[PDB]
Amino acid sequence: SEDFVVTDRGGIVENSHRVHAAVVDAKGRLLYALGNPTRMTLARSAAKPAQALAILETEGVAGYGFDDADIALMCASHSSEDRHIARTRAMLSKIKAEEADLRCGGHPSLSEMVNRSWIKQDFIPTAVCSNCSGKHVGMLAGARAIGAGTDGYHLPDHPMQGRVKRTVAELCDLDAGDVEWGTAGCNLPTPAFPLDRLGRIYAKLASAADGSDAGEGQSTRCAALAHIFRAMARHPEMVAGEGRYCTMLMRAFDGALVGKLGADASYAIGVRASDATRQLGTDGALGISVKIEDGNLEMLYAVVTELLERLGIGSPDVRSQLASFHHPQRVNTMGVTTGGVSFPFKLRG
């Protein structure tokens, strides 16, 4: 397949970007694809709901009283807005830990507007400012809850990371050896697996949400997955922030799906069963995963929004809240439009 997103200047090709995507049902069966839907792919932050599941399944973590917004922050790549930093500090208090216990580092904010404020202030970001700070507090919580020590909670030999590694493989329905591990920007183990299994994780999230809402008896795992979905959809501003794709996406859809960014341009969406999912040929929930081969985020958001339109997910009115991402502005320094974005890719069934 030769599936691309392409930018032009006056009709002349500027850049082209290879697209990979998987659309799967709740059991992970492949329904539609772009590119190579089984591309071995670092999920990066798109794995965070699976890491939050490992946190929430750690015995004793329930006693700390994390609320839904705290869980959404565990699932976040937040913009380090003051509310994200404050909630991180409030979560540290719940587990009687301190910022010095964190093993993630500060970085320039993922939001340009926040980062400009920091620059004006000469603000130096610290550990609680990390976009991953919520995940790290949850990992510290789990380490405290099982009692072997918080030192080294971020290292592969720690039981919290053994729990994460098993949980990821289980949600993917993969043997341990089919998940590879590197080290994240936030200094935790981070997984790679075929792209379609990232879709599978998010189909399982949305499916658990459907079962919870229907009143079905659920395993402890499915109940926790439903809780994670509900937390992300109820507090999408915790998952990213003002003006961010994931937040704007989840607000527009008002509970019908959850979406999550991975660094270097992966994206995952879990869609609750609907007229649209039935029209796509499945009787339950759906999962979507996307990777832009070269890592370009602006192209990722254009492609994800185009894919939602092609799949019929939402309505023109709902998806129109994402118009600035769908068709990125190509306006020069004098206000003249110089080109645009095109989608020469073809979904295959």
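The first residue of the shown sequence is 1; numbering continues from there.
When the C-alpha B-factors of 277-285 and 299-307 are averaged, 277-285 comes out higher. Two stretches are in play, 116-124 and 184-192, and the higher mean C-alpha B-factor belongs to 116-124. Considering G199, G259, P156, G138 together, the PDB entry gives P156 the largest C-alpha B factor. If you compare the C-alpha temperature factors of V271, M248, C172, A176 in the entry, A176 comes out highest. Per-chain ranking of the deposited C-alpha B factor places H327 in the middle third.
Compared with the other modelled residues of the chain, the Cα B-factor recorded for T38 ranks in the middle third. Among all modelled residues in this chain, the alpha-carbon of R144 has a temperature factor (C-alpha) in the highest third. Placement of the Cα temperature factor of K204 within the chain: middle third of the modelled residues, per the deposited record. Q51 sits in the lowest third of its chain by CA B factor, as recorded in the PDB entry.
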